[PDB]
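Chains as they are written, first to last, in my numbering: chain A, 50 to 223; chain B, 50 to 223; chain C, 50 to 223; chain D, 50 to 223.
Notes follow the structure.
There are 4 protein chains.
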Amino acid sequence: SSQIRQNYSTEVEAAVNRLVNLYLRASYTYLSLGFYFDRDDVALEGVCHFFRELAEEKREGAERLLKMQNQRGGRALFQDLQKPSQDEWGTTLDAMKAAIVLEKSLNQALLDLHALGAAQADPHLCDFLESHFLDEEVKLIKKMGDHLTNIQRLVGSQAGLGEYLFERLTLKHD
Amino acid sequence: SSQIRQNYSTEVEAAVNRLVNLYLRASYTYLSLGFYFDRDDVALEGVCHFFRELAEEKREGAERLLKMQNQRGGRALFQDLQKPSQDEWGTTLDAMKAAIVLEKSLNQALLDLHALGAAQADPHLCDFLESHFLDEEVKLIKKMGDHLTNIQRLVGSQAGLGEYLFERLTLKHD
Amino acid sequence: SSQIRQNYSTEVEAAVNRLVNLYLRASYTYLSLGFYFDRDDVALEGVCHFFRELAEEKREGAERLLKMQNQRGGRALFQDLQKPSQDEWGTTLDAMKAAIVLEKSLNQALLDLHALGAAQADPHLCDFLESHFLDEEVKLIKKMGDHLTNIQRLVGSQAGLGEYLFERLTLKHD
Amino acid sequence: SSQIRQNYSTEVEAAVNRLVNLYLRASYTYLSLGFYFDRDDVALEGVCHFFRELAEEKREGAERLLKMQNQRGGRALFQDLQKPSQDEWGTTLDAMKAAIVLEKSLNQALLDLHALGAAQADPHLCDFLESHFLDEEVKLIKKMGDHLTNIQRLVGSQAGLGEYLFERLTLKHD
Ligand SMILES: [Cl-]
Ligand SMILES: [Cl-]
Ligand SMILES: [Cl-]
Ligand SMILES: [Cl-]
Numbered sequence: 050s051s052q053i054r055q056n057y058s059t060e061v062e063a064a065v066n067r068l069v070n071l072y073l074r075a076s077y078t079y080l081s082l083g084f085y086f087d088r089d090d091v092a093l094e095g096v097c098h099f100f101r102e103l104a105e106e107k108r109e110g111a112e113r114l115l116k117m118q119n120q121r122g123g124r125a126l127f128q129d130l131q132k133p134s135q136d137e138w139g140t141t142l143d144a145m146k147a148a149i150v151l152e153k154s155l156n157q158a159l160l161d162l163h164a165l166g167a168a169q170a171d172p173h174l175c176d177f178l179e180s181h182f183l184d185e186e187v188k189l190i191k192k193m194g195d196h197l198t199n200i201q202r203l204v205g206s207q208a209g210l211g212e213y214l215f216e217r218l219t220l221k222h223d
Numbered sequence: 050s051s052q053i054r055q056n057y058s059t060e061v062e063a064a065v066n067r068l069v070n071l072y073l074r075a076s077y078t079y080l081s082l083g084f085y086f087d088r089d090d091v092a093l094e095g096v097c098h099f100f101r102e103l104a105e106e107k108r109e110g111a112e113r114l115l116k117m118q119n120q121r122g123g124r125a126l127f128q129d130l131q132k133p134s135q136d137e138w139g140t141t142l143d144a145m146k147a148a149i150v151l152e153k154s155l156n157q158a159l160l161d162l163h164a165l166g167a168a169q170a171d172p173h174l175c176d177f178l179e180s181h182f183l184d185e186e187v188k189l190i191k192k193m194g195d196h197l198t199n200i201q202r203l204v205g206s207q208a209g210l211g212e213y214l215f216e217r218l219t220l221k222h223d
Numbered sequence: 050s051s052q053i054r055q056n057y058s059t060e061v062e063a064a065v066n067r068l069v070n071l072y073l074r075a076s077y078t079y080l081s082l083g084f085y086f087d088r089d090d091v092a093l094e095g096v097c098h099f100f101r102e103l104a105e106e107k108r109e110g111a112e113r114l115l116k117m118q119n120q121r122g123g124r125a126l127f128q129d130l131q132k133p134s135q136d137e138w139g140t141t142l143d144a145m146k147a148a149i150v151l152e153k154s155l156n157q158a159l160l161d162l163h164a165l166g167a168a169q170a171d172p173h174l175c176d177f178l179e180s181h182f183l184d185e186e187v188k189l190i191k192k193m194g195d196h197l198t199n200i201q202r203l204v205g206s207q208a209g210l211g212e213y214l215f216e217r218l219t220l221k222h223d
Numbered sequence: 050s051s052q053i054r055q056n057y058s059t060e061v062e063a064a065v066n067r068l069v070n071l072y073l074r075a076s077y078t079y080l081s082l083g084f085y086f087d088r089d090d091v092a093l094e095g096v097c098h099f100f101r102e103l104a105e106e107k108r109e110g111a112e113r114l115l116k117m118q119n120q121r122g123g124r125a126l127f128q129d130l131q132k133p134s135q136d137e138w139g140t141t142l143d144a145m146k147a148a149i150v151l152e153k154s155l156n157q158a159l160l161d162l163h164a165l166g167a168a169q170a171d172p173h174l175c176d177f178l179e180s181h182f183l184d185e186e187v188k189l190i191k192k193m194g195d196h197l198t199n200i201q202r203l204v205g206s207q208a209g210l211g212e213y214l215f216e217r218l219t220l221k222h223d
């Protein structure tokens, strides 16, 4: 049993475990997106690298949450990780739209947990999210929005050409 | 149109644009103060440099606010920038008193925007101000207070001598 | 009062203050253009950086003019800074057309002030503009003209594609 | 006889020789000022160094004029150099007032020669003065004005104290 727990509600403990599940689900989704764009019949290396990087970022987020759970004297509880929502992710545009939807859902879960921490007068939780998650999420959604706009301007009437150019000239590749 | 905006009220968007206007007005005021102390008939280089540095700091503050406005999916809207309140700024003491008045007004606008963000449950906004503005402002007002006290102790009966010494021995110059 | 002023007409002093206002207005316009191209629904980083750089150049021009005003024993007088002419700046082409219009107006104000200095037999003023402004302005307008031509050749029937390519392959970005 | 002279009037040739005489007279005046402030009963090292530096600057100005006279195919003609106007130069304030008077007379001679060159359509002469003399003179007069203002603020009721402090804290010394 914990000898350290102080000002750490059962509600926050549970919500932190749910959020870990959401981050790991997001990581898994990004793993699937990354490997889809590595298929020989898709072959957009920059897109693959973008999503693989995000899989790592989301796993790291989950790990930070689990570290914090222990720091507060809460108990990590893991659940089944649902498989991603799709097996094939369509075009770069389809994929980036799906990623922004996912990110907005994570962001809402962050905001909801912040509000619960504020209601419970748990400033450590609130600070933790502010310091390590809220701005990271805002920055990422801005980046995805910027990408979506560029991808959309490139569709025009020459969709394949635009998809190639975006991958070659915006996204990081070898 | 924005595809990223989330948890970002129209009230906060508008107040952020007002605050940008206040920072730019403050920058302009400091530009005028800096060049006043560079006049051949005023000639207090350290005072000039102090206010020119502040003009840059305030412009940078405005730029950070504008970057954040975009990160959140709000829309920058610029207004007329009113000219500074004075064309001539009197003594170093007069100028530092005017600067502290200006700083307290900026600080109050920061606190008001923080309170609005708290009321709107917008923790990203609240964190942003905490992290980049509130302590910077407290530190600056402390510095100005410290200067005012030194300037005031130096007036005595030999005001010109004191004004020279403060500029030479407290403020940074070549 | 000044003990240094020599061969420096009231007409030139006033015109220098007007020109400072024009440079600062131009800086403000470029600030607005820069942040417009940073919007998530515009997202042309190279265009954003081009105009932000110009905002800094124009502010530096104003600062040089103010330094010179003091060097000659004139008195800086600041006016209200009008807001930019537009809140949204359209396409890269629209924006670059607006920038060239702005630059031509600044250039004309430089030429007018040079002519006034020549009429007043003020060679220091004339030299100052020659040395720090006239060629800088000619070079900048040439660069903008070169950009406009490239942007125009890229419109064709695939306007989005051309706008992306210009930003990626001509303008400086990360 | 010259085989190079082109577009170089006898009027400008003569005025250039007069200006050389004025620069050398100014150098001599500064030599006298420098050594006055090195007297054991005056003993203001920073003031001494300021004026000795100016003696060198004025001699260098004369040398540049003489080089240019030869470059244009004119003929240097030297006259008697009148001794400085005073044998003793009073206070630092008296001396700096005398220096500004001297500088304004040199500046007027520069402006007069520029106007003659403009009237004679001699752009090389005009450029030469612009490039090597007019701004140097404006900068120096600004510096002297700045010094005068500081010296004047330091007189107060404690003139000796102020004169010492100005020399110690504004002027360059060992
Ligand atoms: Cl189970
Ligand atoms: Cl308006
Ligand atoms: Cl007004
Ligand atoms: Cl003789």
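Even for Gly, the Cβ is constructed at its ideal location relative to N, Cα and C.
Distance between residue j and residue i (C-alpha atoms, nearest Å)
{"i": "C:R121", "j": "B:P172", "result": "52 angstroms"}
{"i": "C:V96", "j": "C:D195", "result": "15 angstroms"}
{"i": "B:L73", "j": "C:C175", "result": "32 angstroms"}
{"i": "B:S81", "j": "D:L80", "result": "39 angstroms"}
{"i": "C:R108", "j": "D:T219", "result": "30 angstroms"}
{"i": "C:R202", "j": "C:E216", "result": "14 angstroms"}
{"i": "D:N119", "j": "D:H222", "result": "38 angstroms"}
{"i": "C:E102", "j": "C:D89", "result": "20 angstroms"}
{"i": "A:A144", "j": "C:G205", "result": "29 angstroms"}
{"i": "A:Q169", "j": "A:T59", "result": "10 angstroms"}
{"i": "D:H98", "j": "D:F177", "result": "29 angstroms"}
{"i": "D:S134", "j": "D:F84", "result": "15 angstroms"}
{"i": "D:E112", "j": "D:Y57", "result": "19 angstroms"}
{"i": "C:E137", "j": "B:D87", "result": "38 angstroms"}
{"i": "B:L210", "j": "A:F182", "result": "54 angstroms"}
{"i": "C:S50", "j": "B:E105", "result": "28 angstroms"}
{"i": "A:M117", "j": "A:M193", "result": "28 angstroms"}
{"i": "A:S180", "j": "D:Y213", "result": "55 angstroms"}
{"i": "residue 225 of chain D", "j": "C:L151", "result": "It is not possible to answer for residue 225 of chain D, since the shown part of chain D is limited to 50 through 223."}
{"i": "A:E94", "j": "B:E186", "result": "46 angstroms"}
{"i": "B:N70", "j": "B:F100", "result": "19 angstroms"}
{"i": "C:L160", "j": "B:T78", "result": "29 angstroms"}
{"i": "B:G110", "j": "D:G110", "result": "47 angstroms"}
Residue i vs residue j beta-carbon contact at 7 angstroms
{"i": "A:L142", "j": "A:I200", "result": "yes"}
{"i": "C:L68", "j": "C:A158", "result": "yes"}
{"i": "residue 235 of chain B", "j": "C:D129", "result": "The displayed coordinates of chain B run from 50 to 223. Any statement about residue 235 of chain B would go beyond what the structure contains."}
{"i": "D:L126", "j": "D:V65", "result": "no"}
{"i": "D:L155", "j": "D:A75", "result": "yes"}
{"i": "A:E62", "j": "A:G123", "result": "yes"}
{"i": "B:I53", "j": "A:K191", "result": "yes"}
{"i": "C:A167", "j": "A:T198", "result": "no"}
{"i": "A:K153", "j": "B:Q55", "result": "yes"}
Ligand 5 heavy atom lying under 6 angstroms from the CB of residue i
{"i": "B:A111", "result": "Ligands present in the displayed structure are limited to ligand 1, ligand 2, ligand 3 and ligand 4, and ligand 5 is not among them."}
Practice prompt. Scan the stretch 98–159 of chain A and note each continuous alpha helix (DSSP H) run of 4 residues or more that stays entirely inside, going in chain order.
Written response: Segments of the alpha helix (DSSP H) lying fully in the stretch 98–159 of chain A: there are none.
Worksheet item: Who sits around ligand 2, taking every residue whose Cβ is closer than 6 angstroms to one of its heavy atoms?
Response: Residues with their Cβ less than 6 angstroms from any non-hydrogen atom of ligand 2, running along the chain, are B:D129 and C:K132.
Fill in: Continuous alpha helix (DSSP H) assignments of at least 4 residues falling wholly in the stretch 159–220 of chain D
The alpha helix (DSSP H) runs lying completely inside the stretch 159–220 of chain D and spanning 4 residues or more are 172–178, 184–202 and 208–218, given in chain order.
Worksheet item: Which runs of the alpha helix (DSSP H) spanning at least 4 residues fall entirely within the stretch 52–89 of chain C, listed in chain order?
Response: The stretch 52–89 of chain C contains these whole alpha helix (DSSP H) runs: 59–86.
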